Amino acid sequence: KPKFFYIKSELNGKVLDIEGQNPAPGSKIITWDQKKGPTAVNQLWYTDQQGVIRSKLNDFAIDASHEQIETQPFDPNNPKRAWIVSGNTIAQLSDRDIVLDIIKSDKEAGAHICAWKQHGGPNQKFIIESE
Ligand SMILES: OC[C@H]1O[C@@H](O[C@H]2[C@H](O)[C@@H](O)[C@H](O)O[C@@H]2CO)[C@H](O)[C@@H](O)[C@H]1O
Ligand SMILES: OC[C@H]1O[C@@H](O[C@H]2[C@H](O)[C@@H](O)[C@H](O)O[C@@H]2CO)[C@H](O)[C@@H](O)[C@H]1O
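Residue numbers for the sequence shown, in full-length UniProt numbering: 130 to 260.
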C-alpha cells in the first residue's frame, strides 16, 4: 500500500541502508551504494499514515537515542524516533532544527549518521527518490 523511496545523499549519491540487511533493533543506519530490485529492501523507506518515516524491512523507525542512528520499533511517545521528510533534509519531528547528518561528512560507503543541528552543509542534504 505505501510507495517506497530511497533516501539519497547529495554528498556522494549513496543511500541510507540498514547495515547487513539486519532486521533486529539497534542495527546501524549507514550510507551504502544503491541497490535496485528485490534485494533493495533494507534501503527502502516509507512514511506511515501520520507522515513518519519507517523502514520497509521491519517497519521500524529511525532512532537517534545514541550518537549513531539505528533502527528501533516506532514509539509515538519517543521524540527520538519520529523523523520526517522536510524538503531536502530528514528532520526530527519534535525539533526541526535537528536533522540527519553524515558524520564528519565522511564520503566513504559505510559512513554512520547522526542527529545534528541544521547548518545547510551537503552532509545534511538528502533527496527522496521513488522506487
Ligand atoms: O556491509 C553493508 C552492506 O551489507 C550488505 O549485506 C551483506 C553483508 O554485509 C555480508 O556480510 C553478507 O555476506 O552478504 C550480505 C549481502 O551482500 C547489505 O546488502 C547492504 O545493503 C549493506 O548493508
Ligand atoms: O561530529 C559530527 C559533526 O562533524 C562535523 O565535521 C567536523 C568534524 O567533527 C571534525 O572532526 C573535523 O576536524 O572538522 C569537521 C568540519 O568542521 C560536521 O560538520 C557536522 O555536520 C557533524 O557531522
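The C-beta atom is built at its ideal place from N, Cα and C for all residues, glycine as well.
Answer yes or no: the CB of residue i versus the heavy atoms of ligand 1, is any distance below 7 angstroms?
| i | result |
| --- | --- |
| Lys164 | yes |
| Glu237 | no |
| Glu148 | yes |
| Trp161 | yes |
According to DSSP, is residue i helix, strand or coil?
| i | result |
| --- | --- |
| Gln178 | coil |
| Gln221 | strand |
Cα separation between residue i and residue j?
| i | j | result |
| --- | --- | --- |
| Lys157 | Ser194 | 12 angstroms |
| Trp212 | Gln221 | 5 angstroms |
| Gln179 | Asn141 | 30 angstroms |
| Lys143 | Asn206 | 31 angstroms |
| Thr200 | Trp245 | 17 angstroms |
Tell me whether residue i counts as near ligand 4, meaning its Cβ is closer than 7 angstroms to at least one heavy atom of that ligand.
| i | result |
| --- | --- |
| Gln172 | With respect to small molecules bound, the structure shown includes ligand 1 and ligand 2 and not ligand 4. |
*Would you list the residues whose beta-carbon is nearer than 7 angstroms to any heavy atom of ligand 2, in the order they occur in the chain?*
Answer in sequence order: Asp230, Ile231, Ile232, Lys233, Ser234, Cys243, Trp245, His248, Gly250, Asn252, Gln253.
*Can you list the beta strand (DSSP E) stretches of 3 or more residues lying completely in the segment 148-211, in chain order?*
If one requires a minimum length of 3 residues, the beta strand (DSSP E) runs lying completely within the segment 148-211 are 158-161, 174-176, 182-184, 190-192, 199-201, in chain order.
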